[PDB]
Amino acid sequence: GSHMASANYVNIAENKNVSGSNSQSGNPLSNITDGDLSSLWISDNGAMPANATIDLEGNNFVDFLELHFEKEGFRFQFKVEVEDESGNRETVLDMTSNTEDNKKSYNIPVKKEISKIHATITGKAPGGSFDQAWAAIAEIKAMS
């Protein structure tokens, strides 16, 4: 880890502010950083593009991000970006032109000092076993 005490990786995203687009009832934005992989954020009425921004309260080194979904199968099209205090922005997982299945979680290597995490579901790919699901994110973790 980059943190003293040594340990391994720390979830510095956990409990941090989450802002973005409308949530449906019982599925608010905070569910993205609550440390529980079963609780979800779901966009109000499946409205897309849907976004979520985790504020890490200033620059922290982050090794890699963890984008967790409800389960495997969903065919969402999603962008994941990062931002520092300086105003620099970098797409770390560009998957907006996705066709076919998404897996349950994604490791997204960063290895940069960042202050913000921009997760954006831009649309839904045709087909799949779950063609009916709404724009949802279970958890985003920031490992440093």
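One rule holds for the numbers: they count along the sequence shown, beginning at 1.
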Average Cα temperature factor in the PDB entry - higher stretch of 31-39, 95-103: 95-103
113-121 versus 40-48 - which carries the larger mean C-alpha B factor in the record: 40-48
Peak C-alpha temperature factor (PDB record), options 15, 129, 19, 11: 129
Chain-wide C-alpha B factor ranking for residue 76, given as lowest, middle or highest third: highest
Entry-reported Cα temperature factor of residue 87, expressed as the chain third it lands in: middle
Within-chain third of residue 138 by Cα B-factor, per the entry: middle
